[PDB]
Amino acid sequence: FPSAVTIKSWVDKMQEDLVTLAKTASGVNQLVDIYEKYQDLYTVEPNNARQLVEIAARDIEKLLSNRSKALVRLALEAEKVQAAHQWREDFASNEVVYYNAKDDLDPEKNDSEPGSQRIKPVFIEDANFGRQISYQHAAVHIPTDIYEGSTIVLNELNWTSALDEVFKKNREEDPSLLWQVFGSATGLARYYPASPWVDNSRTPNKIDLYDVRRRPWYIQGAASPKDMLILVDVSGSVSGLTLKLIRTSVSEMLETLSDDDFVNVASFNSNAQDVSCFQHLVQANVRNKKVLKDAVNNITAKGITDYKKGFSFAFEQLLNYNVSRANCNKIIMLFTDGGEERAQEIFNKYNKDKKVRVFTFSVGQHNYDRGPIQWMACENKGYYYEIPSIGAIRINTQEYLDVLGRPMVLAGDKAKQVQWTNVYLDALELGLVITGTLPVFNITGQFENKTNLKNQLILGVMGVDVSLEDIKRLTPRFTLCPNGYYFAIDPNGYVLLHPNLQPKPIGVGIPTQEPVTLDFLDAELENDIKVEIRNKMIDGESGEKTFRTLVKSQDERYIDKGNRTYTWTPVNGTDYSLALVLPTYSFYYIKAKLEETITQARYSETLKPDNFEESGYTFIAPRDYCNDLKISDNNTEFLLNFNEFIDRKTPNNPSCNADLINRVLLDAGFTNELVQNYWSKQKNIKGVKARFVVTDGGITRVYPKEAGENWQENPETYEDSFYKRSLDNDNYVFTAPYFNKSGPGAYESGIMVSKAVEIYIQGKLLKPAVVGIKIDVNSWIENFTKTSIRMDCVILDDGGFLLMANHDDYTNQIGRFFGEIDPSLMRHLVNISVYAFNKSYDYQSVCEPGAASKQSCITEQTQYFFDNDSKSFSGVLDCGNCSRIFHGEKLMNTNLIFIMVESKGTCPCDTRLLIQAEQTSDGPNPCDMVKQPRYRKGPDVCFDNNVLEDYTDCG
Ligand SMILES: *[C@@H]1O[C@H](CO)[C@@H](O[C@@H]2O[C@H](CO)[C@@H](O)[C@H](O[C@@H]3O[C@H](CO)[C@@H](O)[C@H](O)[C@@H]3O)[C@H]2NC(C)=O)[C@H](O)[C@H]1NC(C)=O
Ligand SMILES: *[C@@H]1O[C@H](CO)[C@@H](O[C@@H]2O[C@H](CO)[C@@H](O[C@@H]3O[C@H](CO)[C@@H](O)[C@H](O)[C@@H]3O)[C@H](O)[C@H]2NC(C)=O)[C@H](O)[C@H]1NC(C)=O
Ligand SMILES: *[C@@H]1O[C@H](CO)[C@@H](O[C@@H]2O[C@H](CO)[C@@H](O[C@@H]3O[C@H](CO)[C@@H](O)[C@H](O)[C@@H]3O)[C@H](O)[C@H]2NC(C)=O)[C@H](O)[C@H]1NC(C)=O
Ligand SMILES: *[C@@H]1O[C@H](CO)[C@@H](O)[C@H](O)[C@H]1NC(C)=O
Ligand SMILES: *[C@@H]1O[C@H](CO)[C@@H](O)[C@H](O)[C@H]1NC(C)=O
Ligand SMILES: *[C@@H]1O[C@H](CO)[C@@H](O)[C@H](O)[C@H]1NC(C)=O
Ligand SMILES: *[C@@H]1O[C@H](CO)[C@@H](O)[C@H](O)[C@H]1NC(C)=O
Ligand SMILES: *[C@@H]1O[C@H](CO)[C@@H](O)[C@H](O)[C@H]1NC(C)=O
Ligand SMILES: *[C@@H]1O[C@H](CO)[C@@H](O)[C@H](O)[C@H]1NC(C)=O
Ligand SMILES: *[C@@H]1O[C@H](CO)[C@@H](O)[C@H](O)[C@H]1NC(C)=O
Ligand SMILES: *[C@@H]1O[C@H](CO)[C@@H](O)[C@H](O)[C@H]1NC(C)=O
Ligand SMILES: [Ca+2]
């Protein structure tokens, strides 16, 4: 065992060698002084985060107010044109002409109902929607389980033509509108841009179960937030088919509860108990709904019924005010079959002011008495539903929600307020959208008062979709550092907008149409400062906060010790709150002063893929430079069209943004001046395998043009993990290649090395680019084993990944996590606390399904980093019945640590492994997360318990 000073100087000499090689070949200084050499070619401008947040909040509120105005127009016209409708029973004499969405494109003259003539439209391909779109009329969706020629459906299809016309008007005053739709309460759905239904028109194994009245936006706009409590009657008499139907019905009832709704499930048989681990009303989000569904699926029937001990439990759990709730619409859902017990005194004791509804469901095919079941609904403002078989399950849930909207109708114009739903995946696939709803009231008898029989029910709900990518375009991101970004938030803390929000459903457990509800604390790493910021944003305040944050790298494999500054404002007129993350060095950006029309041309000439031998292999970020350019995943295609458009650019002045092209051309020119005046004068270094420079404008020219085929970084520089990592870290960062990845690999590509330029203009810190070297593995291993005369030696970077070693069998598994190699040293070296680790959760990850294609689960990813700042570490590894010695030295001015451990093939301490990998897991235990739930602000105004409501419709 060499002494500490010997291997200390050893590490010092390797770090001197590596730093000198990287600094020379990379040419940080040459790119720097090129950047300061042309201060007359640009201007440095500030990123006033306060004004940026205010501007983006104003823009988003303007967009949402535009959609609100569209909704108001549509709802007013719907009410007016249904008020003046004449009921009919004969449509043979007067056909209704409409386009049915699930019509085959074949010119079939025989696909018409008696009372309806079908339109055959001319479908154009549209860029906004990505489907066939006809602007000449609205399309109609009628569920399969609903006949499309009955009297109700035919009358609705008759009076919705004015809706069609107002659809046209709305789209004519605002060409950016997406799907705008009337969700009828008869089952129909009439959206304006006529497009064929998704895949379910006529396709085997593609059945169309879509029903507009179950959709989250319809569920949301049809009533006010609930406080359910599903009483399931698991007694003896419900065994067999009845219990199957009850558990399916409870699942389908839970599938109609939003995140503003609170629900628990109880079950009684001579004794009432909770079916799950929850002891009170919990929020009805995806995780809690799954827990309740599992508990209901795991339920068995036994014992004698007792309707008094069950309703006592229900009324007691609805009297709990210690927990978070939505103090509104208290309900009891009784899932029984029948009995001769009315329990008058329980109701008279607990529900005497009749503050709580009771919806009773007589599930099953049986001959038990159904009188008390129908009476509990009458004396408690409820309604009585029957579920004789699966297939009747879907319709009755929509129907209690039909009942709950009576108090909302009676409040004439105080109940017509626009509400936006959680981020969900559109049916007519558009990606991620939020829908703004407004309910439509039946106003036939009004100011000419008639019997007004069913004037307490809504006609439907009008929705208009806002694309999430449409919100993303109101928050311009390219004037910020690749580490700076915007994000918005719900009142529940979910993110309207965030870089880590992907168009995938939220995972809920282990694999074996829910909304994309991703909390703010789960889209990032969670400190306590971030909990304070989240609570401040939910309340709708404004403020600033500068602090130190662990910023996880994009590749989800490292953690860096960042330096952030959150500024937030509420978006006026809505429930959303916008914030802007901004690094401390990102307060200034370079504004390209390209107005010569010739300098930009001599910059542009560098970009055709015919000069890729004096200038490096060029990739361009597929940004929206001009709208006539379509971004392409195949990058060289986009480069070709970019060159083509640059060839004739001058007349396209208003067609596109000048700033992006000016900056990208300026950066291309600077990169060319670097690659010729410093890289083309040398042409060859033994150690290097590739020299690259990546710039925020989009230029990522890699020099040799040979490793450019081995280059696997994203063309858009703002999504380059190493580029974002190297800006926060003001030092050299080595990115260990991927292990066991099918492709160019590591030997014939090298290992990535990078440092970020740190130029100063007017005494301001701004970092416009990164340079780097793809050091070859052999040219390092020879130099590492060259000095061995002056075996177990390993090099580790941040995250504990083996960059390279000496045993020559570890170098076979290069880049692989060191804990997978010898986990005992990994655990011990963590125990010294040189490597801290953070374990977090990824709710939006694809997942291989096991046993009890790929589903989505919650994966539990961990990342390691330098816990302490100390440089020298020594100790003894107390292996089981043996002893091992190590010394650790962190190379100065890099992210590396050298471990001098001398022990191979000793007694087996390889009991387990430290597998730093995206491990499949269950999420946090929900039974423990509902007792300290995250802060959350419920909706303010809700409508229940009106005195004009006519309860004599128990059905
Ligand atoms: C292992 O291989 C060679 C060993 O010679 C390393 O390169 C040498 O690194 C030392 C570090 O201190 C330099 O002095 C050697 O010469 C230098 O060359 C540069 C070239 O620009 C000059 O500017 C310097 O002034 C100095 O003369 C250098 N020699 C060569 C031929 O590169 C090599 O970096 C190392 N392998 C790895 C992967 O780092
Ligand atoms: C909105 O409310 C109005 C009234 O509040 C509804 O119109 C009424 O609908 C009923 C059907 O439920 C009509 O009764 C029917 O009349 C025909 C012909 O007279 C008869 O053959 C049927 O057996 C049935 O009795 C009623 O005439 C009609 N109008 C009025 C003034 O009551 C309307 O249906 C509601 N909106 C929707 C979308 O349902
Ligand atoms: C994620 O990684 C961070 C790395 O900073 C972890 O934060 C650190 O956690 C340790 C363990 O709790 C904290 O040490 C504790 O400090 C308190 C206060 O001095 C002391 O009383 C305890 O005995 C313990 O030593 C450490 O302070 C904390 N770092 C900071 C900056 O606060 C974090 O725990 C990891 N996990 C998660 C889920 O964040
Ligand atoms: C929102 O309204 C408040 C007070 O009405 C105002 O101070 C703030 O500047 C407004 N924000 C925006 C973005 O208009
Ligand atoms: C809102 O609509 C007006 C005209 O109807 C339009 O000028 C404006 O650009 C729209 N706002 C947004 C954010 O698109
Ligand atoms: C209802 O049907 C009649 C007869 O076909 C038609 O004249 C009327 O315009 C229809 N209503 C609407 C709102 O189009
Ligand atoms: C839940 O399922 C397990 C496994 O089938 C079973 O042992 C347990 O009894 C079930 N829970 C209840 C409350 O019956
Ligand atoms: C709520 O808290 C009070 C006092 O902390 C306690 O007496 C009561 O038992 C708790 N539970 C309910 C359901 O009120
Ligand atoms: C940002 O970094 C500097 C030095 O790199 C440090 O002094 C400062 O405290 C950091 N910011 C915060 C908010 O701690
Ligand atoms: C990309 O586009 C270019 C230009 O048409 C073509 O030569 C190349 O084969 C394409 N590559 C891929 C992978 O599509
Ligand atoms: C280190 O290991 C010891 C025993 O092996 C354990 O008690 C301790 O919790 C571990 N972690 C730290 C930080 O000491
Ligand atoms: Ca019974």
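Residue indices run from 1 on each chain, following the sequence as it is written; they may not match the entry's numbering, and residues absent from the coordinates are omitted. Here the convention is simple: chains get letters from A, ligands get numbers from 1, in the order in which they are written. Here the displayed chains are drawn from a larger assembly, and the quantities reported describe the displayed chains exclusively. Processing note: side-chain calculations cover all non-hydrogen atoms of the structure and skip hydrogens and water entirely.

Looking at the entry header, you'll see cryo-EM listed as the method and 3.0 Å as the resolution.

(A) Just the UniProt feature "disulfide bond" in the protein chain, in detail. When two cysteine sulfur atoms lie within 2.5 Å, the pair is treated as a disulfide. UniProt positions are given in the numbering used here, feature names are shortened, and annotations may be inferred rather than shown by experiment. In this structure the UniProt-annotated cystine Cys 378-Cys 942 is broken, with an S-S distance of 24 Å. Structurally, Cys 378 is set in helix α11 (residues 371-379). Secondary structure counts use DSSP, requiring at least four H or I residues in a row for a helix and at least two E residues in a row for a strand, with both numbered from the N terminus. Following the sequence through the fold, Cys 942 ends up in the segment after α25 (926-929).

(B) The coordination of the calcium ion (ligand 12), seen in detail. Only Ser 237 (OG) and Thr 305 (OG1) from the protein reach the calcium ion (ligand 12) as donors, at distances of 2.4 to 2.5 Å. Taken as a pair, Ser 237 in the loop between β9 (230-232) and α7 (241-254) and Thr 305 in the loop between α8 (286-297) and α9 (307-317) lie far apart in primary sequence, 68 residues in all. Atoms are scored as donors when they are N, O or S and lie within 2.8 Å of the metal, with 3.2 Å used for Na, K and Ca; no water is included, so coordination may look incomplete.

(C) Layout of the packing of aromatic side chains. Between 30 and 60 degrees the pair is tilted, below 30 it is stacked and above 60 it is edge-to-face, where a pair is any two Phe, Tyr or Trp rings, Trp via its six-membered ring, whose centres lie within 6.5 Å. Scanning all chains against the criterion turns up 45 aromatic pairs. Aromatic side chains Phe 619 and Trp 711 sit 6.4 Å apart centroid to centroid with 25° between the ring planes, which places their arrangement in the stacked category. Of this pair, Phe 619 sits in the loop between α17 (599-604) and α18 (635-647) while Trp 711 sits in the loop between α20 (707-710) and α21 (721-728); the two residues are 92 residues apart in sequence, bridging distant segments of the chain. Note on accessibility: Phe 619 and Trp 711 belong to one class, buried. Ring geometry for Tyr 625 and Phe 638: centres 5.9 Å apart, planes at 45°, overall tilted. A residue pair is termed long-range when its members are at least 10 positions apart, and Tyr 625 in the loop between α17 and α18 and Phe 638 in helix α18 qualify at 13 residues. Comparing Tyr 625 with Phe 638, the two get one shared label, buried. One aromatic cluster in this structure is built from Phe 335, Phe 359, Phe 361, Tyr 383, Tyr 385 and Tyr 400. Classification of residues uses two cut-offs on accessible area relative to the type maximum, computed with a 1.4 Å probe and protein chains only: under 20% is buried, over 50% is exposed, and between them is partly exposed.

(D) Expanded view of the pattern of salt bridges. Here a salt bridge means any side-chain nitrogen of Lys or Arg lying within 4 Å of a carboxyl oxygen belonging to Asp or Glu. Within the structure shown, the criterion is met by 41 salt bridges. Here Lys 591 ties to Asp 659 by a salt bridge, and the two come within 3.4 Å at their closest N and O atoms. Of this pair, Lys 591 sits in strand β27 (residues 588-592) while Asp 659 sits in helix α19 (residues 658-679), placing them 68 residues apart in sequence. Overlapping salt bridges bring together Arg 67, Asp 174, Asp 470 and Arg 473 as one network.

(E) Spatial organisation of helix α1 (residues 4-26). In a helix, the anticipated span is given by 1.5 Å times the number of residues less one. Under the 1.5 Å per step criterion, the end-to-end length of α1 is 32 Å for 23 residues, consistent within 8% with the ideal 33 Å. Taken residue by residue, α1 has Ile 7, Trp 10, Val 11, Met 14, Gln 15, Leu 18, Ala 22, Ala 25 and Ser 26 as its buried positions. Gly 27, located one to two residues past α1, shows a positive phi value of around 70°.

(F) Expanded view of the sheet that holds strand β30 (residues 751-756). Pairing between strands is defined by DSSP: at least two bridges between the two strands are required. Reading across from one edge, β28-β33-β30-β29 is the order of the 4 strands in this open sheet, with antiparallel pairing throughout. Edge strands, defined here as strands with exactly one partner in the open sheet, are β28 (688-695) and β29 (733-735). On average, each strand axis in the sheet is tilted by 25° relative to the strand beside it, whichever way the strands run. Of the pairings in the sheet, the one linking β29 to β30 comprises 3 bridges and is antiparallel in character. Following the sheet pairing, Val 733 is matched in β30 by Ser 754. Residue contacts are defined here by distance: any two heavy atoms, one from each residue, within 4.5 Å place the two residues in contact. An axis is simply a line fitted to the C-alpha atoms; with a helix, the fit covers only the stretch in contact. Between two such axes, the angle follows the N-to-C directions and lies from 0 to 180 degrees. Strands β28, β30 and β33 (769-775) of the sheet are contacted by helix α2 (residues 28-37), whose axis makes an angle of about 160° with β33.

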